[PDB]
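Participant: What follows is a single structure, and I will ask about it in a moment.
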Amino acid sequence: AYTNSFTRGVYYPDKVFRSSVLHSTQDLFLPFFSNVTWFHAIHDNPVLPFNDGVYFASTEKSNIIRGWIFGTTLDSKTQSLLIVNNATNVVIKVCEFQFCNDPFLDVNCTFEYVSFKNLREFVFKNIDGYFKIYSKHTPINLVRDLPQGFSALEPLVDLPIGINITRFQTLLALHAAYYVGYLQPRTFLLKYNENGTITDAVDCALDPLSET
Amino acid sequence: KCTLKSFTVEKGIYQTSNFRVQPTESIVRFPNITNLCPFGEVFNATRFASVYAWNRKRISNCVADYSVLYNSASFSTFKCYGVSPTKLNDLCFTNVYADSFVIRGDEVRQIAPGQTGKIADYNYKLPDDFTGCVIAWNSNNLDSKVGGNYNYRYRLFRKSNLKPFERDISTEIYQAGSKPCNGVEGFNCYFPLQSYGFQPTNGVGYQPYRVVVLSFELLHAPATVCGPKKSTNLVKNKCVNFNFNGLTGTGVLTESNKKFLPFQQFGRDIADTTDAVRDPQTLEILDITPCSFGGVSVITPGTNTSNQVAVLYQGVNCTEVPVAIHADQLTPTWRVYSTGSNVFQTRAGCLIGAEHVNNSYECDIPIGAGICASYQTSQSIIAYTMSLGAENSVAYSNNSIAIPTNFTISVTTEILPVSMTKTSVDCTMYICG
Amino acid sequence: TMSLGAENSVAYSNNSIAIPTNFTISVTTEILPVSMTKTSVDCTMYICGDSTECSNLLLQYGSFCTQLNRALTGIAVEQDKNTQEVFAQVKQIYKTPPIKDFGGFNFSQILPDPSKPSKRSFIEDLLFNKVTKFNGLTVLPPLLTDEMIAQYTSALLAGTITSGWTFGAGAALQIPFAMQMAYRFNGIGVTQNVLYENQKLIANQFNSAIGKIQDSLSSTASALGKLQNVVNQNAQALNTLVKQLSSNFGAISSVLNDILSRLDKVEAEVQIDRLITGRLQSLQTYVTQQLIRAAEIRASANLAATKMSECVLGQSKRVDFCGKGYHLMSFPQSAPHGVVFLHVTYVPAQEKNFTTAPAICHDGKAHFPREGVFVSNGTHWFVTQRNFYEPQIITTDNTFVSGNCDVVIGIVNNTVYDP
Amino acid sequence: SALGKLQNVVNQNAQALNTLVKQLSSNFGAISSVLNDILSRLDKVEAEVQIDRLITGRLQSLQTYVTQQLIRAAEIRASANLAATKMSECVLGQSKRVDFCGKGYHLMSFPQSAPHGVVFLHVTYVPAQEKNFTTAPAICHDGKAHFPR
Ligand SMILES: *[C@@H]1O[C@H](CO)[C@@H](O[C@@H]2O[C@H](CO)[C@@H](O)[C@H](O)[C@H]2NC(C)=O)[C@H](O)[C@H]1NC(C)=O
Ligand SMILES: *[C@@H]1O[C@H](CO)[C@@H](O[C@@H]2O[C@H](CO)[C@@H](O)[C@H](O)[C@H]2NC(C)=O)[C@H](O)[C@H]1NC(C)=O
Ligand SMILES: *[C@@H]1O[C@H](CO)[C@@H](O[C@@H]2O[C@H](CO)[C@@H](O)[C@H](O)[C@H]2NC(C)=O)[C@H](O)[C@H]1NC(C)=O
Ligand SMILES: *[C@@H]1O[C@H](CO)[C@@H](O[C@@H]2O[C@H](CO)[C@@H](O)[C@H](O)[C@H]2NC(C)=O)[C@H](O)[C@H]1NC(C)=O
Ligand SMILES: *[C@@H]1O[C@H](CO)[C@@H](O[C@@H]2O[C@H](CO)[C@@H](O)[C@H](O)[C@H]2NC(C)=O)[C@H](O)[C@H]1NC(C)=O
Ligand SMILES: *[C@@H]1O[C@H](CO)[C@@H](O)[C@H](O)[C@H]1NC(C)=O
Ligand SMILES: *[C@@H]1O[C@H](CO)[C@@H](O)[C@H](O)[C@H]1NC(C)=O
Ligand SMILES: *[C@@H]1O[C@H](CO)[C@@H](O)[C@H](O)[C@H]1NC(C)=O
Ligand SMILES: *[C@@H]1O[C@H](CO)[C@@H](O)[C@H](O)[C@H]1NC(C)=O
Ligand SMILES: *[C@@H]1O[C@H](CO)[C@@H](O)[C@H](O)[C@H]1NC(C)=O
Ligand SMILES: *[C@@H]1O[C@H](CO)[C@@H](O)[C@H](O)[C@H]1NC(C)=O
Ligand SMILES: *[C@@H]1O[C@H](CO)[C@@H](O)[C@H](O)[C@H]1NC(C)=O
Ligand SMILES: *[C@@H]1O[C@H](CO)[C@@H](O)[C@H](O)[C@H]1NC(C)=O
Ligand SMILES: *[C@@H]1O[C@H](CO)[C@@H](O)[C@H](O)[C@H]1NC(C)=O
Ligand SMILES: *[C@@H]1O[C@H](CO)[C@@H](O)[C@H](O)[C@H]1NC(C)=O
Ligand SMILES: *[C@@H]1O[C@H](CO)[C@@H](O)[C@H](O)[C@H]1NC(C)=O
Ligand SMILES: *[C@@H]1O[C@H](CO)[C@@H](O)[C@H](O)[C@H]1NC(C)=O
């Protein structure tokens, strides 16, 4: 099943403060008013392609979704990224092993790190072996679909892990609903306010008025 | 006189020079780190990797000293791109990456941005815009194990070329023949690694060489690999020379009211230049404010009339102008022109050496924003608000008229330019001759 | 497809004339640019900016940088001159009498208001509301402040109201305003009694036309688009010159301190000369467009100085030079980077058709009108002035003779009265 | 200083020619300002690298002069068109245009030649010696209103 993305999926391009300016940049963005595919917590949860980069979001009663696996193949034969919240921490690792194979936690790894009323949003992308994570978190009134209004995601983490990612899967924890879309190369025009913050954006390639 | 290239100066106001407040000290700031980088484990690994499956190490959170590399006689080349190697102990980086392997001496030629040859095409690729250094040396004394050292291996075809910094390990047979080779050899179906016969008796181009390549991550994030450079204390609200993390310049460092987001490390202007930083030792947010500046308009009567002079420091405030004497760097700089007996805040800027007057006259030398100056009585350059003209209430009434009883026949002279000098140029004789 | 206008067949025939039976006084607004923003660029601080290493390479280019400063100084100095030629046409600061008894005409919306912080008129204060970096670039103040410009427009206006033409040609001669308008009527070929017989109506049409201009300025600020372009083009030109400091021109970085901090001099000089060449071509492109734009603004200042002399200081016989319809008068109001003229004109307003004839036979003599036209209501013949229907009996006072009846084409038989 | 317009037209064209000449002394990044130094010190393949910096700078130096003279010619032409118009309207006529042929009411004008220009001696009537009077727009006589002709 599908739903629309609207103006969602905007994130900070660089670690530079700018005040009260319109700034133009080209990056992997979710194109405005494109679709996302939608899924919920039954059996809706096989492996998906990563493509050039993923926009992910979920609408949850108490955050039932707790992580993801990413890789070439998720296969116990080569190093696959894991990101999980384990209640006490965010836990990150790159093991091959399918030690918890299915899309839930049942309650040679070269790298490790440790730190429906609620909406969570995330962006995942890979740049020359540097993998970047962004997010945003908020309650919403809208029962399932993505909220039809502007809000920017902010960076969490960069992992220099070097994996050739082409596939991924999400993880719950068990004894919610979610949607997925893909980033594309777009020139965007970005409104930095007085306080270093991107407050609005134009997808220039969307229509004649956006080009204007 | 040096602006006009003339010893005589006629009456007026002349844009001679640009006063700037000057760097009082040099301020240096770097991250809180002392632990040395693992360069011995980079340059003196016991056996270097095979060039089909080359090693790569990330270096971070440490102090380097590139002189220990660069001043060692142990290297056959130390070629660098985008950095002169002398600068590496001043400059600093978010991370550094060391790639390493053994290669044949003839193939060291291929180890550059944009170079071409079998290894460069299929098993070690630098990007055309690489920033960093290639270090290589002959290793015939270590790596030439009698002759049959075919563990050192490379590529020539398989399927397709290699991307910059693309790792590979794969083992499918070369299919240079038309047949689907299906893991079995034949005419032009063959094993997918080419190999080296490193005998210690080889000619130099056939001998093994050890390689290290340093790529430098000059990205906008916080530095973590830095040279042996030592920081100073911070200075605020005074003009200074600076270096933060290798970002150099001159500025009035200050506290800032700018709300940097937690990940924002610097601020930038429309002109790409920096205007603000986060201090790497204090974690405070600071403006690299430009040291204050303004055109030095010099106001003079004719040198035909007097050699006494006044100066307008354009835009700057009379509270801010700090020159006084040649102890600040040369432009007006003679021993009174910031703190004299007469000093006056015009809206055009601070006017010094001219004497403010409460009268008004027709405008002699124009200064700006209603102000003019002139040389008058014991002489001085006075400064005053200009007269628009004499004031007159016309004696109007709804039944009064004035009629002229007489006339005068004026003759008025009006002068107009109509033509100019007809020049001609032979451009081949001007340019070449 | 655009329409050029409504089609109109004029009712021409060899003996029909239309004469207007009434008029309207119309006040109309003309806006002119006079002087753009004064700037100067310290080209060494733009091109290099606090690097001695760059500055010593820039010396190899010789006097390219000083002749750019010279050109911008010539542009800047003539902006004050353009403003001087337009406003400083009055030798004395004339001031209005304390009592505003101008015969029913009400100038209070264009005369100075002492309740303002700077003593602008009400309409000048509307015009000032409708019109809206460290890199060696600078903006210079004009010589005359907006309060000095408002003192000149105030004096030009106070002289015009109290003395007419006369303050331009000699010393201001006082004259009653209703009598001044009766001579400005006589200058358009309308007999002066037409004013004194209609003075209240003429004053109400004038006062109401000044009233409409406040509402127009308060609603359709797009009229100021001529002056708002002087702002937009100068801001757009400086933003373009500043943004061009971020371009590489083929150097390793747009930032001069990257080049100087990463490289030693034998390599760095090659990179800095790419930036010097690109930034010098960038600044030459700006100064060249500003010289062409300064000539466009100077042509507008010379036009505005001519409308000051010919229409504020006089009354103009030139068609459509100072508003449509026959020019009576004009008043200047200051505005950002410009001037506004409020041109007052007579428009004839209620046509009526008549039979006409070029000459009249009396006792075999042909009679021609001294001033005016012969017309008929079908049963009688009259002479009228040309621009307003005032029919008079045909007499030896208002006609002159030449020759017998036979030479003229379209002559008619009517008696001429002898007083 | 009365002829400051005509003397400035002499000064601008002399300052432009002297500036174009002085730019032959600049290096523009070559080893020398002098083309015969480069051609005597250096061999062809190595000399042609230096000479092209002088061609680059000298051609840009000359394009700056010609662009500046094209703009300055349009300024002179605007003033030549005005002088031609004052010749027709002030000398060959009498002008009703206020302040066109000098201050006061125009009577007559006479041209005189001057280097690079023209001078008009505008002759004008200026009124003098005002006196005040009482005034009125019309006269009643036999109940008729009379107005002056
Ligand atoms: C990432 O995966 C791709 C395949 O999905 C790998 O692509 C091969 O790369 C070699 C050179 O290394 C080429 O000769 C092959 O033709 C490529 N195969 C295909 C099907 O395109 C790539 O090597 C992987 N990169 C890393 C760093 O693992
Ligand atoms: C000439 O035109 C004016 C309007 O421009 C006429 O004046 C109006 O006359 C009516 C009565 O007929 C009054 O109620 C209005 O108040 C008048 N208007 C103004 C602005 O005062 C005038 O009557 C016309 N005269 C002729 C002979 O047609
Ligand atoms: C001239 O016109 C103005 C409006 O343009 C008249 O303004 C009024 O003035 C009286 C006091 O004289 C006030 O009570 C009104 O409130 C004003 N009206 C407005 C809309 O402001 C002014 O009266 C006129 N002057 C003369 C002498 O007639
Ligand atoms: C043409 O004009 C004449 C004179 O104005 C008009 O004749 C007068 O008409 C009025 C009444 O309308 C009479 O009281 C006068 O005695 C007439 N005077 C004369 C000398 O005859 C005449 O009516 C007009 N004709 C038309 C067709 O309008
Ligand atoms: C104007 O009146 C004269 C007479 O006063 C007319 O002239 C006469 O016209 C008739 C007919 O053509 C002739 O028979 C007479 O011999 C003419 N007499 C004279 C003295 O010339 C004249 O035709 C009239 N014109 C118009 C336009 O009616
Ligand atoms: C979204 O999905 C529907 C199919 O349900 C498709 O018709 C539509 O074109 C898609 N719209 C966009 C903007 O991707
Ligand atoms: C670790 O994983 C890779 C597969 O990605 C494998 O080639 C390698 O041999 C493994 N290392 C060990 C020590 O087994
Ligand atoms: C979460 O993981 C960390 C180690 O990564 C561990 O110390 C902690 O106990 C874990 N929490 C739970 C509830 O498993
Ligand atoms: C910007 O930040 C200031 C404090 O630095 C705050 O007062 C203001 O409300 C903020 N405005 C917005 C829109 O964030
Ligand atoms: C490598 O070993 C030599 C001695 O064999 C030593 O001098 C050198 O310092 C070592 N390299 C580095 C980078 O320290
Ligand atoms: C950095 O080191 C100084 C002493 O050199 C210490 O006072 C300061 O607290 C440290 N700052 C941080 C952010 O670690
Ligand atoms: C300039 O000097 C000359 C003599 O060299 C003198 O005649 C003249 O009056 C002086 N002019 C002024 C303005 O001082
Ligand atoms: C000059 O600076 C002082 C503070 O040092 C300030 O009070 C004053 O208003 C300034 N003057 C102008 C013209 O801004
Ligand atoms: C100038 O005028 C000010 C008031 O504007 C007055 O305080 C001051 O004393 C005057 N100075 C002289 C020398 O008249
Ligand atoms: C004048 O007369 C002609 C007669 O055909 C008519 O067409 C025209 O409309 C009339 N105009 C006026 C103003 O009465
Ligand atoms: C005007 O035209 C008519 C025909 O339309 C003609 O009979 C008459 O003679 C002409 N008028 C004159 C003055 O001849
Ligand atoms: C005209 O008379 C008035 C009477 O008050 C007087 O103010 C004015 O100065 C006189 N003007 C001349 C030119 O005599």
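The residues of chain C that appear here are 696-827, 854-1140 by Swiss-Prot count, in order.
Recorded method for this deposit: electron microscopy, 3.2 Å.
Each residue, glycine too, has its Cβ placed from N, Cα and C.
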Participant: The disulfide recorded in Swiss-Prot for C:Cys1082 goes to which of C:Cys1032, C:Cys1126?
Facilitator: C:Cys1126
Participant: Take the C-alpha atoms of C:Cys1126 (disulfide bond) and C:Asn1134 (N-linked glycosylation site) and report the distance between them in angstrom, rounded.
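Facilitator: Distance between the two Cα atoms comes out at 9 Å.
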Participant: Where C:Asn1074 (N-linked glycosylation site) and C:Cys760 (disulfide bond) are concerned, what is their Cα separation in Å, rounded?
Facilitator: 72
Participant: Rank aside, I only need the closest one: which of the recorded positions C:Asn717, C:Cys738, C:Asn801, C:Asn1098 has its C-alpha nearest to that of C:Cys1032 (disulfide bond)?
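Facilitator: Going through C:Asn717, C:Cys738, C:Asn801, C:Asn1098 one by one, the closest to C:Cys1032 (disulfide bond) is C:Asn801.
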Participant: What are the non-local neighbours of C:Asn1098 (N-linked glycosylation site), defined as same-chain residues 6+ apart in sequence with CB under 8 A from its CB?
Facilitator: C:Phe1075, C:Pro1112
Participant: Among the disulfide-bonded residues listed here, C:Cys743, C:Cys1043, whose Cβ has the fewest other Cβ atoms inside 10 Å?
Facilitator: C:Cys743
Participant: Could you work out which of the glycosylation sites (C:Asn709, C:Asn717, C:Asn1134) has its C-beta surrounded by the smallest number of other C-beta atoms within 10 A?
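Facilitator: Across C:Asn709, C:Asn717, C:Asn1134, these glycosylation sites, the one with fewest Cβ atoms within 10 Å is C:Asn709.
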Participant: Looking at the disulfide-bonded residues C:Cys738, C:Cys749, C:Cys1032, C:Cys1126, which one has the fewest other Cβ atoms within 10 Å of its own Cβ?
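Facilitator: Per-residue Cβ counts within 10 Å for the disulfide-bonded residues C:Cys738, C:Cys749, C:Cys1032, C:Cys1126 bottom out at C:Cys1126.
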Participant: If I take the alpha carbons of C:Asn1134 (N-linked glycosylation site) and C:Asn709 (N-linked glycosylation site), what is the distance between them in whole Å?
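Facilitator: Cα of C:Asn1134 (N-linked glycosylation site) to Cα of C:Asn709 (N-linked glycosylation site) measures 17 Å after rounding.
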Participant: Given the recorded positions C:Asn801, C:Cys1032, C:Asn1134, return the subset with CB under 6 A from an atom of ligand 12, ordered by sequence, or none if empty.
Facilitator: none
Participant: Compute the C-alpha separation of C:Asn709 (N-linked glycosylation site) from C:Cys743 (disulfide bond), stating it in Å without decimals.
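Facilitator: A Cα-Cα distance of 79 Å.
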Participant: Which of the listed glycosylation sites (C:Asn801, C:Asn1074) has the least company, meaning the fewest other Cβ atoms within 10 Å of its Cβ?
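Facilitator: Comparing Cβ neighbour counts within 10 Å for the glycosylation sites C:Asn801, C:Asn1074 gives C:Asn1074.
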Participant: Can you tell me whether DSSP puts C:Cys738 (disulfide bond) in helix, strand or coil?
Facilitator: helix
Participant: Please give me the CB contact count at 10 A for C:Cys760 (disulfide bond), counting all chains in the structure.
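Facilitator: Here the count is 20.
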